[PDB]
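Encoded as structure tokens, the following chain is the form solved without the named molecule, with no partner shown.
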């Protein structure tokens, strides 16, 4: 498989996933249907979403990692999948939630060749391959935000901070694409618990990097060897080249 195929498959899935959820009323959406492999409630909206995506990835030779079902298949191309990133918003009808797809030629983040995040409430399509990163077919780049006095997305502000704005929308994949296109100056998940997961973050991170952002763990080190399995966890500091060090500086 290659980048154009991943892009064709991802679009297949988003189209099918968006119709599975769009026609499901909030009342149906919010009901628990099971417990995820990941340990949290599977909501009905997650499993309808998760089901439309699996019927596509099934016909392809891959190893998929997902929240509800977990590790699946035995293909050489690994897929980190969040069929529904922003479930809480979806169940509440808040228009910020996405499908997120990251494909890798190995079990580790550093071998990623495609990343895709599709917001299912707006039709906004974000992706990245070798030719760069795009929003709805258009080239995107991080901001040239060199001041600390900037627009941050952060999980979770814990103290006084110097940001012009602070936002938290409930969809990490999607907010990583808000960083990537330059609509926010940085993204931070510095929760000491290290609560962000690999299917949640991998499409976003890769996309953010293709758009020029620097994307590291808490301490500035590379995420390159993050594993596409259920037990991986991460923290994230992401901003352009000049701003990134100041941020690391800030939180240290």
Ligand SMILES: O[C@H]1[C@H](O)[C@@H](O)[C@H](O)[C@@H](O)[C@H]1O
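Whichever C-alpha set is largest while still superposing within 1.5 Å between the two forms counts as the rigid core. Positions refer to the first chain, counted from 1.
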Quiz item: Do the Cα atoms of 48-56 stray more than those of 222-230 in 7 other deposited structures of this protein, or is it the other way round, with the core held fixed?
Solution: 222-230
Quiz item: Mean C-alpha B factor from the entry: is it higher for 166-174 or for 74-82?
Solution: 74-82
Exercise. Compare the mean C-alpha B-factor of 157-165 with that of 116-124 as given in the PDB entry, and name the stretch with the higher value.
Key: 157-165
Quiz prompt | Residue of maximum C-alpha B factor among 226, 210, 197, 43, per deposited coordinates | solution = 226
Practice problem: Please pick out which of 33, 188, 218, 205 has the largest Cα B-factor as recorded in the entry. | Solution: 218
Exercise. Please rank the C-alpha B-factors of the chain's modelled residues and tell me whether residue 252 sits in the lowest, middle or highest third.
Key: highest
Quiz item: Taking the C-alpha B-factors as the PDB entry records them, is residue 29 in the lowest, middle or highest third of its chain?
Solution: lowest
Self-check item: Position of residue 16 among the chain's modelled residues by C-alpha B-factor, lowest, middle or highest third
Solution: middle
Quiz prompt | residue 101 - which third its CA temperature factor falls in, relative to the rest of the chain | solution = highest
Exercise. Sorting the chain's modelled residues by C-alpha B-factor, tell me whether residue 144 ends up in the lowest, middle or highest third.
Key: highest
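In what follows, reference is made to the form deposited with the named molecule bound, a form of this protein that is not presented.
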Quiz item: With the partner removed from view, which of 192-200, 207-215, 52-60, 220-228 is the stretch that lies within 4.5 Å of the named molecule in the bound PDB entry, judged by heavy atom distances?
Solution: 192-200
Exercise. Counting non-hydrogen atoms within 4.5 angstroms of the named molecule in the bound PDB entry, say which of 142, 128, 172, 79 makes the cut.
Key: 172
Quiz item: Taking 4.5 angstroms as the cut-off for heavy atoms, does residue 155 touch the named molecule in the bound PDB entry?
Solution: yes
Quiz item: So which residues in 74-95, when you check the named molecule in the bound PDB entry, have a heavy atom no farther than 4.5 Å from it?
Solution: 82, 85, 86
